[PDB]
Amino acid sequence: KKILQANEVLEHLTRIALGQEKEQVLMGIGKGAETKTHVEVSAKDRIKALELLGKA
Amino acid sequence: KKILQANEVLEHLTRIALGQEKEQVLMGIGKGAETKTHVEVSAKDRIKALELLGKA
Amino acid sequence: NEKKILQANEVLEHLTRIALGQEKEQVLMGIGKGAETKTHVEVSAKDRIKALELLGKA
Amino acid sequence: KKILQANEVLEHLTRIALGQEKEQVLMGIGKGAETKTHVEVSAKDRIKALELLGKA
Amino acid sequence: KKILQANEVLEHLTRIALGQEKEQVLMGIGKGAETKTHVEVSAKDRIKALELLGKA
Amino acid sequence: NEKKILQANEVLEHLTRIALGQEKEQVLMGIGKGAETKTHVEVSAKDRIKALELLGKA
Amino acid sequence: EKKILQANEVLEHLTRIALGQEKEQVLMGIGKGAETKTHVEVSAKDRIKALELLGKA
Amino acid sequence: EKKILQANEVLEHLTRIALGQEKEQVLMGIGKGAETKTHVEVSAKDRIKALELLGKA
Amino acid sequence: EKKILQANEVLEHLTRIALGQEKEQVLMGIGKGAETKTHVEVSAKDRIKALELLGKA
């Protein structure tokens, strides 16, 4: 049960901040039906990542 | 009786942060009907786990 | 029980059940045409991460 | 007029935390119509009750 | 005309926590139409009242 | 010209009106088929409790 | 260098908001999923924040 | 070479926002599930946030 | 072992955001519940968060 170390944490946040990452969400396909799909990680999230990298 | 220990907490946080995990959500299947489904844990929740991990 | 108070360890055991994915919550699910029904879902990733946080501060 | 004291506050939070409480919500009954009903208090709200009991 | 002092505040918060209060919300009545009505105060709000009472 | 600045007791008078359930806010309300109108409803519980909290702190 | 609001001008603005004077632009339904831009009174929540800022001043 | 917005510059921008000079792109309903991009004034909550930050300067 | 953004890199990225040079991907209604992916300007809320941080630096 490995544990992510502080520098591996800064790496993962860097990828997010650099627009490199995606998240799964629900997307309308029509008449109420939805499908799973991947979208870029949002501005809000990318900013939080940027905030943390700055506190490093 | 079980109380998750501090190291075990980091382990669990690590599995989330590394995109290994899912949550149960509702998804539309047509005309107002929904199904229970599993999706990846969001960027938002991953970044929080990542934040907690960098403060350890 | 009308004056039962959860003690510190009880709180941590309860958070541990949440954190470990052993708990549910009652939500409203759509069953067609605007109609909803009560159902139980796994506690969310967000709520589990709060429990984890809390267990990590202990 | 009554003022809840600390011990009563913790008793009330305890029932919440233990999943013994309900809240009134709006539930869809068809074609935009809704009705009042009671649901279990949410995980979020329970978890806040625990955090508060953890701090006493 | 009036300013609430701290003990009056607690009195009002107590009513809320004890579940003696309501709030006005919009409820659907069908075909997009909504109607004003009252519901019990939510658990989130009741918990906040509790939190303040226990910190008094 | 000197513009108005709410003074200490005036803020408390306003929060008190809110807390007491004397005030309203403007919101959009469905009237049929996706169309909405503007109306007033009572300030909500969350907002009243925030007013109360600020009153307690003063 | 441009225009920067001073500490007083901030309070003046906040007071107009707290006093129910201001509005904000929102989207309103006009039917069948279609919406239009309209203005509405600044909300209770936003007025309470303003009151707060004025209270801490 | 690359730009870093300095403290004074930030206050100028926040001031434009607090005054009601700025807008944001949002999705608006146009009927039957269709939305379109359009601009609206920056909301009250966001303006009050700019006001808070300027107030603390 | 892998790339980590340094402080000035962070400020540069935040500056792009505050300045309204950046977008985000979202889902938009195209009809009858159908959605498609598309890019929108970064919202005011987020631009003000970037502004705040820059002010802090």
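Could you give each residue of region A:4-13 its phi-based ³J(HN,Hα) in whole Hz, using Karplus coefficients 6.51, -1.76, 1.60 with θ = phi - 60°, and x for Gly or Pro?
Rounded to whole hertz, the list is 5, 8, 3, 6, 4, 6, 5, 4, 4, 5.
Using only the Cα atoms of the protein assembly as shown, what do you get for the radius of gyration and for Dmax, in Å?
24.0, 70
With 14 Å as the cut-off, how large is the P(r) tail for chain B, expressed as percent of Cα-Cα pairs?
62
How large is Rg over Rh for chain H, taking Rg from the Cα atoms and Rh as the Kirkwood inverse mean of 1/r across Cα pairs? Please list the in-between numbers first.
Details: Rg = 15.2 Å, Rh = 13.2 Å.
Ratio of gyration radius to Kirkwood radius for chain H: 1.15.
Can you list residues whose amide H is under 5 Å from E:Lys31's amide H, if they're 5+ apart or on another chain and H is modeled 1.01 Å from N?
Hits under the 5 Å cutoff: D:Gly32, D:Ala33.
Only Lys, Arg, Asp and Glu count, each charged at its Cβ (+1, +1, -1, -1), so figure out the dipole size of the protein assembly as shown about its Cα centre, rounded to 20 debye.
Working: 90 positive and 77 negative charges, 120 e Å.
With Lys and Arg at +1 and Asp and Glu at -1, about 580 debye.
Size of chain C along its principal axes in angstrom, Cα-based, largest extent first?
Sorted from largest, the Cα extents of chain C read 46, 30, 14 Å.
How well do other chains shield peptide C:8-15, expressed as the mean number of their Cβ atoms within 10 Å of each residue Cβ?
Numbers: counts 4, 2, 7, 11, 5, 4, 10, 8.
Per residue, the average neighbour count from other chains is 6.
What residues qualify as long-range amide H neighbours of H:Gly31, i.e. H under 5 Å apart, gap of 5 or more or another chain, H built at 1.01 Å from N?
Placed amide hydrogens put G:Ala34, G:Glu35 under 5 Å from H:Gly31.
Note: ideal-geometry Cβ built from the backbone for every residue, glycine included; neighbour counts use all protein chains shown. Values quoted throughout were computed directly from the atomic coordinates according to the rules given, and no laboratory measurement underlies them.
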